[PDB]
Amino acid sequence: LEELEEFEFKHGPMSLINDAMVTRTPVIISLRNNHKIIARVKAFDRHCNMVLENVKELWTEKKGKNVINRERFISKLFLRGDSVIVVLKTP
Amino acid sequence: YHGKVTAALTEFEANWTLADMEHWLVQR
Amino acid sequence: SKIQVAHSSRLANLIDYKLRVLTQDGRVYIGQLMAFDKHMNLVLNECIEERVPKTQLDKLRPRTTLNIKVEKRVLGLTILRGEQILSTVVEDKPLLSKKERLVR
Amino acid sequence: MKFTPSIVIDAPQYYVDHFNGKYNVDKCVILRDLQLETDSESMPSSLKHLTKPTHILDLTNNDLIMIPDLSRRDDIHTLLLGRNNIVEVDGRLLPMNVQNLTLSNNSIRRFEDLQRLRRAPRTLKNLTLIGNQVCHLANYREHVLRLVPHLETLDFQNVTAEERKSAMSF
Amino acid sequence: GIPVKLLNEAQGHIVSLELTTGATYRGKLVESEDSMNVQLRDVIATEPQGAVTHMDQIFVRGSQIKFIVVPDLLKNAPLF
Amino acid sequence: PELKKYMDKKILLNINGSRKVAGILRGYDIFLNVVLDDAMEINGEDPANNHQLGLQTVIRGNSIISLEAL
Amino acid sequence: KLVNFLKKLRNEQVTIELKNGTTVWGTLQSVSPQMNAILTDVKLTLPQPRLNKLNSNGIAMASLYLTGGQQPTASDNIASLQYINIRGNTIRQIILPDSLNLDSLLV
Amino acid sequence: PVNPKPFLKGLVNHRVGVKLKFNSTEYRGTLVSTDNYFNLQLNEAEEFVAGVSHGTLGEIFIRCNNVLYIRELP
Amino acid sequence: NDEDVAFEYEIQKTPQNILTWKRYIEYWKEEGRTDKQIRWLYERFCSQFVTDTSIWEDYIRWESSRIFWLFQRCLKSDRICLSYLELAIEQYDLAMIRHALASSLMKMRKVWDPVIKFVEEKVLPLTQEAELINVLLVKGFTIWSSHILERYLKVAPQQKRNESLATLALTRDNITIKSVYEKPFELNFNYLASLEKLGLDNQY
RNA sequence: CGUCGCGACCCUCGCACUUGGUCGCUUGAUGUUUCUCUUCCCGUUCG
């Protein structure tokens, strides 16, 4: 069983997340509510659940006919994986 | 008692109401 | 004032407790939990639904001075499907049946 | 007796069906014949222990001189105060959503004792004032009606359209 | 567990069920399945807006059931 | 799906997107996929607005909301 | 995997954020295998701007009010609950304690 | 014939356009790897919303459930 | 605030109704009165019931250094002292752990096995060729562990007698072993060694 | 669109374990779809 998990996280698409975790580089996760999160991956699983460090959350909100950016810094966070649209490797 | 005190053993062992408020509630 | 329940109370302990069950379309179902399921399918006895009408929803905006007049349906013995439950909240504990009042 | 926390906490709570006919759904809290005399330095702070939600509060035959300050209750749609010694009907003190109020056999003696019924919430549908001295007075019913014209029933007799249309003309 | 078994005990009785669409159906439960699929016969249907209509027989997919209302007698069932 | 009682009978399905399809049930599936012969898209009382679909029509089961006899 | 990490956070204060944007501050008491949380001494909240966008947030505001805990008329619609059980599919995020030694929990 | 997974395993190292079922977003990039659950890794990706590019992203991992279709790009 | 007085009058109605005091305490927890205030209320809750220890055990369950101080008081004033045995063992000052436990056995005792391990296992490891001939020639040309072992052997059965004797030997209880043995080869030779080291040559 | 009722004419004589038909609401209130505001007496609350 679990040997397949160690295969898929090493060769398959989640090797990106794994590389970002091992090299400690931040990833720009993009969520289903159009929030971005910029964060370090500390752990993940096959559902793309994640434990994240130094989370910066970013989004726009609207006042009338114009938009104002909003921001949060969260020290430690867990992300349920069903909400992830895309994860981007920060250059 | 757990036996009786003796010095040689002692040294090693040591080197190891309603009335409080009722009347007040009758006037407050 | 309100009911306190022990912190260890899993859903299996809340049988015969009257729950408020909150659901994905903004409605609440209130009834004594008779049984449940791995999915959180629930059986609610003597169930009553409440919803907040669109006329009252405005009163939830910023200015207990708000007084929402919800709309209710008495459903009766009801099975909720698990997909619809967002959350459950305890409203009341198992009461004595009014039979038990009877002196003789 | 007078109001104390154990009295308000221990009080029998049970679901009744009188408002539904089929299902037992209204929690009825019973405080009957209990001879609670009212004391502002003991009662309202005891009533902070009255369980929530509760729907019928039955304070029948108790020695209260005025309607209890349940103004903080959104839930008590029925308040029973029969045979108590209420003398004045301050509509501020009623529950916010009280629908039925039962003042039978109290000690209300003049319309001046009723005048603050005008302040009662517009949710109030049912009133009973039988056996008060006030019920003997001339034009009593028309007075209560123009104080609170949105009653559907007063003294268990239906408020007809002509009674309401009269009362609202003042 | 018990909630689906209760929907087996309701066979032969008039169930009322609401869909995720808001449509309501009320009729005799002639079949039911572990997925909460149901078959209703002699069915009073109702569009989400309240426009009533009537149908001889209907099958409803479990995924789309919001809740099912069951006769009061079954609160006496031996399941509980 | 103990759906066999509908086989080779005409049925009307309400399916996702408030769409409706009518046709002759020729087969069904564990997931409640169905096959319709002589299928038609229904969207009004006017037969000029309803569209005859293809000779065979497979409906993916998670889309079906209800399946009503005719 | 990582639900077995969350199972270690018992008796610790978390801010769960739901899919609909409601934030549940509370003491975490349980996490089922399917991420069903149980929390006590809870404070539900809806972020300020969401109360102005009723086409998206009317359902969220209605579910918050109908919890019966919104006796406070505080802005941002605070509701206080002694106990809540949250179905795991509704969780968006869990904001964890800052002092949590993640390594000892993950390893 | 070519079954879905053999086909997608054939597009690896070729440029594909993954249209998402949401936001009208389509990602155009070189497909590097894919999961049995059809998760995708793209490299050299370009975000397009409604045909207007939001510029090159580098590497992206795209969760399977967001995908409407993958098309090969000639 | 007013609300306390509503419980105070209830205490004046029927002061031995324990549930009144409990609900009063509960309200003071829910609002969060200070520790020094809640201490006064718990001491009232005890003083109105000074004949029964169970309310002291609830107090200790809230006071949980002052919980150790009041526990020393409650041990001075026996099932609660039995409940204290795990806390008392960790003090390691053997007179203070053992005296209250033997008092509880006197007014019964369940510590009789944990303290035995406190002798052979806990105390004893720490309290314990040509060079030998050189030492002997130089001589020629010129007890808490013991008490713990004696206490354990006071009510020990016959099967553990040898073990108790061995523990006494490991505690360097030469005089104690010499006295007790005066009333297996290894025990006899240990008594030999006690006589030989104590300098009782004529008996040796 | 529906729905709670309200009030009149039409059904039943009474001790059990869904009273029935019909008309007005010219409002008695209420929920829900689709299309395109000034002013004067006054009740009650807030800081």
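Letters A, B, ... are given to chains in the order of the sequence lines, protein chains preceding strands, and every chain is numbered from 1. Every heavy atom of this structure was used, including side-chain atoms; hydrogens, water molecules and symmetry mates were not.
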Contacts under 3.5 Å, N or O only, protein and nucleotides 14-20 of chain J:
none

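- Using a distance-only test at 3.5 Å, with no hydrogens or angles considered, no donor-acceptor pair links the side chain of F:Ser66 to the main chain of F:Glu68.
- To the nearest angstrom, P of J:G31 lies 11 Å from CD1 of C:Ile68.
- The pentose of J:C4 is categorized as north (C3'-endo side) on the basis of a positive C1'-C2'-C3'-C4' torsion.
- Every residue was checked against the side chain to side chain contact (heavy atoms under 4.5 Å, CB included) condition with C:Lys2, not counting sequence neighbours, and none meets it.
- The separation between C:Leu57 atom CG and J:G31 atom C1' is 14 Å, rounded to whole Å.
- In terms of the ring-ring contact (aromatic ring centres under 6.0 Å, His included) criterion, residue partners of D:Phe19 (sequence neighbours excluded) are, by chain and number, D:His77.
- Atom CZ in C:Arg73 sits roughly 13 Å away from atom P in J:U3 (whole-Å rounding).
- You'll find the side chain of F:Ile15 stays beyond 4.5 Å of the side chain of F:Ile65, heavy atoms only.
- Residues satisfying the side-chain hydrogen bond (donor to acceptor under 3.5 Å, both in side chains) test with D:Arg119, not counting sequence neighbours, are none.
- Scanning for side chain to side chain contact (heavy atoms under 4.5 Å, CB included) contacts around F:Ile11 gives F:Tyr6, F:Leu13, F:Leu25, F:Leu36, F:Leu67, with sequence neighbours left out.
- Judged by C1'-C2'-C3'-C4', the furanose ring of J:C23 adopts a north pucker.
- With C:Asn67 as the fixed residue, the side chain to side chain donor-acceptor pair (under 3.5 Å) test singles out one of D:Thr123, D:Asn97, D:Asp74: D:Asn97.
- Between the CD atom of C:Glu50 and the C1' atom of J:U30 there is a distance of 16 Å, rounded to whole Å.
- Comparing J:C37 with J:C6, their P atoms are spaced 35 Å from each other, to the whole Å.
- Across the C1' atoms, J:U45 and J:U18 are found 45 Å apart, a figure rounded to whole Å.
- J:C42 sits 44 Å from J:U34 when the P atoms are compared, rounded to a whole Å.
- The torsion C1'-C2'-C3'-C4' is the criterion here, and for J:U27 it is negative, giving a south pucker.
- The shortest side-chain heavy-atom distance between D:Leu79 and D:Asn100 does not fall under the 4.5 Å cut-off.
- With a 5.5 Å centre cut-off and a 30° plane cut-off, the bases of J:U27 and J:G28 come out unstacked.
- Scanning residues 147-170 of chain D for heavy-atom distances under 4.0 Å to RNA chain J yields D:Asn158.
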Might you list the N or O atoms of the protein lying below 3.5 Å from N or O atoms in nucleotides 32-37 of chain J, with each pair's distance?
from	atom 1	to	atom 2	distance (Å)
J:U32	OP1	C:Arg51	NH2	2.9
J:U32	OP1	C:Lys54	N	3.0
J:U32	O2'	E:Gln49	OE1	3.3
J:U33	OP1	C:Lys54	NZ	2.8

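- Under the side chain to side chain contact (heavy atoms under 4.5 Å, CB included) criterion, D:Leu147 pairs with D:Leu114, D:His143, not counting sequence neighbours.
- By the 4.0 Å N-to-carboxylate-O rule, D:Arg116 lies close enough to D:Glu88 to be salt-bridged with it.
- Comparing the same atom, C1', in J:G24 and in J:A29 gives a spacing of 16 Å after rounding to whole Å.
- Protein atom CG of D:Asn20 is 16 Å distant from nucleotide atom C1' of J:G5, rounded to whole Å.
- Atom name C1', nucleotides J:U33 and J:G7: the rounded distance is 30 Å, in whole Å.
- A negative value of the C1'-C2'-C3'-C4' dihedral assigns J:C17 to the south, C2'-endo side.
- If you take atom P in J:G21 and the same atom in J:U3, they sit 14 Å apart, rounded to whole Å.
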Distances under 3.5 Å between nitrogen or oxygen atoms of protein and nucleotides 43-45 of chain J:
from	atom 1	to	atom 2	distance (Å)
J:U44	OP1	D:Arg118	NH1	2.9
J:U44	OP1	D:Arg119	NE	2.9
J:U44	OP1	D:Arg119	NH2	2.9
J:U45	OP1	D:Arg92	NH1	2.8

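- When only modelled atom types and interatomic distance are considered, E:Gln64 and E:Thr20 share a side-chain donor-acceptor pair under 3.5 Å.
- J:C25 and J:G47 are spaced 46 Å apart, taking the P atom of each and rounding to whole Å.
- Taken together, the paired segments of RNA chain J that extend over three or more consecutive Watson-Crick or G-U pairs, each closer than 3.5 Å at both contacts, are J:1-4 with J:28-31, J:5-7 with J:23-25.
- Comparing J:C9 with J:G31, their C1' atoms sit 31 Å apart, to the nearest whole Å.
- There is a side-chain donor-acceptor pair under 3.5 Å between E:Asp72 and D:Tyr23.
- The six-membered base rings of J:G14 and J:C15 fail the test of centres under 5.5 Å apart and planes under 30 degrees, so these neighbours do not stack.
- Of all heavy-atom pairs spanning F:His51 and F:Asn49, the tightest one is CD2-O, 3.2 Å.
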Under 3.5 Å donor-acceptor pairs involving side-chain atoms of residues 8-19 of chain E, not counting sequence neighbours:
from	atom 1	to	atom 2	distance (Å)
E:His13	ND1	E:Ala10	O	3.4
E:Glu18	OE1	C:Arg73	NH2	2.8
E:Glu18	OE2	E:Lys66	NZ	2.9

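- In this entry J:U18 carries a south-puckered sugar, per its negative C1'-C2'-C3'-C4' angle.
- For the pair E:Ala51 and C:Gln56, both in contact range of RNA chain J, the more 5′-proximal nearest nucleotide belongs to E:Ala51.
- Across E:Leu74 and E:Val70, no two heavy atoms sit closer than the pair CD1-CG1, 3.4 Å.
- What you find for D:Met43 and D:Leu64 is that their closest heavy atoms are SD-CD2, 4.2 Å.
- Residues passing the salt bridge (charged side-chain N to carboxylate O under 4.0 Å, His left out) test with D:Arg164: none are found, sequence neighbours excluded.
- Side chains of E:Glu47 and E:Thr24 form no contact here, defined as non-hydrogen atoms less than 4.5 Å apart.
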